[PDB]
Ligand SMILES: Cc1ncc(C[n+]2c([C-](O)CCC(=O)O)sc(CCOP(=O)(O)OP(=O)(O)O)c2C)c(N)n1
Ligand SMILES: Cc1ncc(C[n+]2c([C-](O)CCC(=O)O)sc(CCOP(=O)(O)OP(=O)(O)O)c2C)c(N)n1
Ligand SMILES: O=C(O)c1cc(O)c2ccccc2c1O
Ligand SMILES: O=C(O)c1cc(O)c2ccccc2c1O
Ligand SMILES: O=C(O)CCC(=O)C(=O)O
Ligand SMILES: [Cl-]
Ligand SMILES: [Mg+2]
Ligand SMILES: [Mg+2]
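Protein chains in written order, with PDB author numbering: chain A, 1 to 189, 195 to 425, 428 to 471, 487 to 527, 530 to 554; chain D, 2 to 115, 119 to 183, 196 to 554; chain C, 2 to 115, 121 to 183, 196 to 425, 428 to 526, 529 to 554.
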């Protein structure tokens, strides 16, 4: 067995032993040792392989596969710009804390500078965005040292996995794992074994990261939970303004529109609040003390008056019953204003589409939102997220790869369900037309590749500085033709067919035509009803 | 406002420096120098191109720079911009393209607490990173600040065009911001850089049986024009004695003159690696390539003694004829249409004055296998890193700049044609480069020929294309996708037609929309057999 | 001036964050926070230390941090400062030292037209810039809050307050050429104590040996196990295992604490594919020799008990090893570095701080079987450089003294043991102006064998390299150590090895030089191996 083949199979085996169940693969000659090894691991059921053409959107497919089931996901590609194309997904994975392993092939470092074709400054390309950039090193031709090389290769692989999952740091994130490979790259015309019982070479258990923080709940308190927030049972009774991706620890919801009309004496901040301007405006009021509770070492700088950080609260006291009544009444008032104006508005807007999707969902659903207006609109409509997994690329809230993220979240979620009978759970994506068109090529799944069992992509189509001149005109891109180009079933429907159509039992796109013209008066009328 | 003066001063100097096109994207915040650029665009002093896709925008800038050799600016607006600009910036570094990346950092705002998202590649790819510094409000010091700003902008331009280094490439230019003073007379740049020559003569004796291999970035060498030359399509041809790359292993050169950076043909890299063959590397810039460390000397031009043997010149010319005949005759006998057939058809239908944009993978090779005579043609390809990413926007930008050059010549004549030949994978990779708003510049004579064999044909020709891998190679190297290319063009309102290879020539001979896609369905399951028959007919 | 307000706020918050010492050098431009730092030093709120040599100033800051565990700042002022601070910053990263590097970039000036290197990207826990101070008194409260939280962020990353991985941080406060903090002196953003918990199941009935290196944690439930401890490694119990006993025993499993760097037998054991090695660390990083770590955690969950036979054999081989070193030392006719180390170990009392140079000194102190219980031991094991050790000793003594005097009695002793090459490397650290703080009970003991003794013990020390190894590895210098201490007005004395104990029992800063021999070092160590 030649060295490139041997090294690639040890690495793939250790990655599977480390809990990698899905791998995204992109084509190239230099990464042939990785592709062959990943191929026959897929053939023997060890992993699910996903081949894509476009490295950039492929990274967001890997992200989707990671957030959909919570497991580390590798994306493998060849040397050169194929590695650079992972930049966008790496930036998002860094801020969203996603265990994304960029498993790049390379030519031997000894050829960098020689002018060799398709060779670049690959190691360190991502700089500070990854948790680590680890090079495996060139596989030596030395049979007598096969047991030594097997130990170093496997140990390096667990380092990559641990950095990516935050096994010891509590801060998952992208890792660059660069594999210099040289010919022969294809199997020549047994692989060094790992630990017994399928154990990882270096076992590191998930650490428990604890920083208790004393907080008095008697002071009038509002909880604001953003992306990456944890669950806090002792904060469940408090009024909570929760982003759609934040897990609702309790059942005392507070609409984001209600918060500006309330006067909290202190704020408990869960995770990283990324979305609401009213949230930011209260946090930028330096005079209300903010307590930062996070699941990892990072904590948000959004308030300048963050008195303290921690992982959990040690609560004394109890919220004033009058305070709870007031906020609860303001929450119902805010959500009544939204629903009544929506019903009085004559035209279907993106908020109507968003409200319609939120009503269609049921516990067990997975909802994927494009990171601009859809996550805002769903939040405005007052989506009750208890019992449903909401996913969104809120690390940088970029537009790239949204379709691919939804396809990946569906696949990992469904596959988690077929490791337990009943019909696979529903994944419903809500993305706007510009984002859909922008990552429309993320729809492309090869005829030989896994197709989501139950993904429905709802496109809320409202047909849309001198750089902003390109929004001065509707693009008028034919959504149906786009889905035809990537052979995906599509149907243009109306907002009240949405509920029934979603209840109609593989992967499909439902396009709902929406008006953007009157959106200002819809929102103005909602501000007035408060 | 000091910042607003500063932007007009910089933009004026960028225009005086030869920048004719700037590419912007919508983003988190305002573009660097956006209002100054808008003023210049409205005045016709500069042409702006807006895209939503930051990755395709970077390669659009590549095309706008290589189509006519001008420095090109790209304006960053976002927190994914650096990431999306990465691939094109690396290509600009390796292909020596004058790409100016503009930023507007905010020195009054916090940093490191969570807009610039630095990666690691800027410190390895750019010729320079220059920051103007915040614009002081000091009306008294106006003449001095003007001089400082225009001097720095000239320094940015010189780094990008290689004015003093002969190594063009990407430059990071930052104009900081907190949220017109004249230049030189007669539109001359503030700091002038006259022609520079780097001269490294090498003594080479041409009586030794010599072959010339010219790759990307190769210079023109009149004293090597007689020698047998194995030229890449982007290599400018000095002379008259083409040597087909497939005739190379049927000859025994005693010495090789290497021009520029070759990246094509395994027989080229074998011969370049042959310890017994002296290899002389002639480049136009400070870098020089090697295969296996087998380069004996490196220079910029040759000082030649002697002449090649007649029998050696005849023998190469005969083997050249055999290779071309094997290709034409085996192609004719082949039952299915392949990408090599499409490339042969495109080559025949090319006229002088045309610009040819070649995608990576098989198209740039197949065009060489078809014996295309590139003289009179301007051939572009991203040989820098040989990506299949960004090729649609490279062809579009190259056609815009090449047509802009021609419209600027004042000639009352239809603009020259830009013909692109790319694979199906390459097309899908940069499909979103086809989305151009009506507000933006669109080519007037761009045709993109898409050779569609529903996957990556080049791998049928590699070791993983051997029949012993038939079971597994289809999925992980072939990567079929079944994309309806016609519908994809339909979606972006791009004229397209699906034709057979024999109709390709006449279709190219008749004009249509300014931007159009010609799709030729092709087969790759017989590609390995076809190439096998060519070698056996050699 | 908004910038002056900014600098004062930052210094005030750095004070509340436990920074008691700041190190400065004079430079082309004026130092960052220089005026605010001056007022703090005049008020006794902080203590300034000024040096000319920027490289020794970096290691002085390292010493001021490891001496009492406090965050220390260094004030960059020049175009050579980043280059000169490089060594210290790399050491601060690997040894996990809370070092804050202050910078003051000028955003109104051109950059890139004619002083960074490549190491800041790979070494620092964080790089944070404050941004220019806006002239807006309307928002004075909001700016005060923003500046103070950032400083807390810088302090948090430097001390490992949330990562459990202290290290160097780059803190930039730009400028162009006092609002209150929290009540009761509390930090603006308070980070309570953090635990990272990674329990490992360890069966102690299996013949187990403990190897503790730099940064090792304390483990009560492992106190009884035979423990091969490094000098800087805190001791959990009282069952020491000499490093020389290890190659004669056959442990069935190894518990590895912190980061070992010493002893070739330790590496062979940890690299043994048939011995499971469990790595217990206090931070996220973990070490491996030849990729032979079975698991990593922060603490052990123990089942079973070591076999009495196994304990007794290890303890027996400990006495065999230690007695063999002591006996071969007394039989040796010449004073060597090992002799000087043993003399120093015998002279140490609880409450002392012992600072150890690299090369033989830090190895010899273990071979001499120093009992480190009750003694703080410092060595720059992060990169094991022989650079900067004098100012590392000085800064550790200043900080250790400072901590004791914020409690009566005479300040505790700080005793340093360094080879001659180490001493000459950082000789400029002895240059201290009469305006600067000077330690009160610091004794630097230079074991001078006129070259690198450690290279006598390696492959290049074989007699077949007699002809060539003396120049390229021995590197003798013939330096007059006494004249060098005289030049800097440092108290010096050249004494024999049996004067060491008494002389250390008697000036605030003094050097004791003990002339030593490396000509016979290889034969001496051979005699110990022989008698083992
Ligand atoms: C972004 C990116 N990602 C992956 C690669 C690797 N790659 C190539 C390479 O081998 C190119 C080598 C050369 O010198 O041209 S060539 C290739 C297949 C391209 O298929 P295609 O566009 O349909 O062309 P075809 O006619 O099928 O050869 C792939 C996937 C790449 N070059 N760029
Ligand atoms: C700045 C620098 N430059 C070179 C080295 C290499 N080096 C060392 C090494 O071998 C280090 C080994 C260890 O783990 O301590 S040890 C060493 C000799 C030190 O001589 P010394 O101070 O007189 O010690 P001695 O007691 O004579 O062994 C040298 C030259 C270094 N460590 N740092
Ligand atoms: O809590 C989280 O998950 C989280 C994640 C992040 O990526 C952050 C980035 C900067 C600042 C705070 C962050 C944060 O609190
Ligand atoms: O000749 C050229 O244009 C050229 C361009 C490059 O990007 C090179 C990179 C490495 C080594 C040689 C190179 C080279 O010779
Ligand atoms: O596919 C090819 O032939 C070129 C790609 C290459 O050289 C590589 O393996 O990196
Ligand atoms: Cl021959
Ligand atoms: Mg193809
Ligand atoms: Mg010595």
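For every residue, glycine included, the Cβ atom is placed at its ideal position computed from N, Cα and C.
- The stretch 16-26 of chain D makes contact with the stretch 64-72 of chain D, as at least three CB pairs between them are under 8 angstroms.
- Judged by DSSP in its simplified three-state form, residue 274 of chain C adopts strand.
- Taking C-beta separations shorter than 6 angstroms and ignoring five residues to either side along the sequence, the partners of residue 301 of chain C in its chain run 170, 171, following chain order.
- Residue range 55-67 is occupied by the alpha helix (DSSP H) that includes residue 63 of chain D.
- Counted as a single uninterrupted DSSP element, the stretch harbouring residue 122 of chain A is not any alpha helix (DSSP H), since DSSP gives it neither H nor E.
- Residue 359 of chain C places its beta carbon 7 angstroms or farther from that of residue 330 of chain C.
- In the three-state scheme derived from DSSP, where H, G and I count as helix and E and B as strand, residue 554 of chain C is classed as coil.
- If you check each beta-carbon in the stretch 432-446 of chain D against every beta-carbon of chain A, the ones closer than 7 angstroms belong to 441, 444, 445.
- Taking every protein chain shown into account, the CB of residue 470 of chain D has 16 or more other CB atoms within 10 angstroms, so this residue is buried.
- Counting the other CB atoms within 10 Å of its CB gives residue 533 of chain C a total of 16 or more, which places it among the buried residues.
- For residue 481 of chain D, the shortest separation between its Cβ and any heavy atom of ligand 7 does not lie below 6 angstroms.
- The criterion of a C-beta distance shorter than 7 angstroms is satisfied by residue 405 of chain D and residue 81 of chain A.
- Taking 8 angstroms as the upper bound for CB-CB distance, residue 320 of chain D and residue 299 of chain D are not in contact here, some 17 angstroms apart.
- Note that the C-beta distance between residue 385 of chain D and residue 335 of chain D is not below 7 angstroms.
- If you check each beta-carbon in the stretch 94-116 of chain A against every beta-carbon of chain D, the ones closer than 7 angstroms belong to 114, 115.
- Annotation: residue 50 of chain C is outside any alpha helix (DSSP H); the continuous beta strand (DSSP E) that includes it extends over 48-51.
- With respect to the 7 angstroms criterion, residue 286 of chain D and residue 310 of chain D are not classified as neighbours on the basis of their beta carbons.
- At least 7 angstroms separates the beta-carbon of residue 97 of chain D from that of residue 231 of chain D.
- For the stretch 121-136 of chain C, the beta-carbon criterion of a distance under 8 angstroms to any beta-carbon of chain D is satisfied by 124, 127, 132, 133, 134, 135, 136.
- Between the C-alpha atoms of residue 535 of chain A and residue 26 of chain D there is a straight-line separation of about 26 angstroms.
- Three or more beta-carbon pairs drawn from the stretch 408-419 of chain C and the stretch 431-450 of chain C are found closer than 8 angstroms, and the two stretches are therefore classed as touching.
- In terms of CA proximity to residue 141 of chain A, A/2 leads the group A/463, A/447, A/2.
- Along the stretch 498-515 of chain A, going in chain order, the ones with a CB nearer than 7 angstroms to a CB of chain D are 499, 500, 503, 504, 506, 507, 508, 509.
- For residue 13 of chain C, not one C-beta of chain A is nearer than 7 angstroms to its own C-beta.
- Identification of chain D residues near residue 413 of chain A by a Cβ-Cβ cut-off of 9 angstroms yields none; the smallest Cβ-Cβ distance measures about 18 angstroms.
- Across the structure, residue 277 of chain A and residue 234 of chain A are spaced so that their CA atoms are roughly 7 angstroms apart.
- With three or more CB-CB distances shorter than 8 angstroms, the stretch 6-18 of chain C counts as touching the stretch 34-43 of chain C.
- Between residue 539 of chain A and residue 314 of chain A, the gap from beta carbon to beta carbon reaches 7 angstroms or more.
- Residues of the stretch 275-298 of chain D with a C-beta less than 7 angstroms from any C-beta of chain A: 277, 279, listed in chain order.
- Residue contact check for residue 197 of chain D against chain C: no CB pair falls below 7 angstroms.
- The Cβ of residue 139 of chain C sits no closer than 7 angstroms to any Cβ of chain A.
- Ranked by how close their Cα comes to the Cα of residue 510 of chain C, the residues C/458, C/517, C/175 have C/458 in first place.
- No heavy atom of ligand 3 is found nearer than 6 angstroms to the CB of residue 316 of chain A.
- Residue 540 of chain C sits in coil when the DSSP states are folded into three classes, being neither helix nor strand.
- Residue 4 of chain D and residue 175 of chain D have their C-alpha atoms spaced approximately 21 angstroms apart.
- Relative to the non-hydrogen atoms of ligand 3, the Cβ of residue 299 of chain A comes within a distance shorter than 6 angstroms of at least one.
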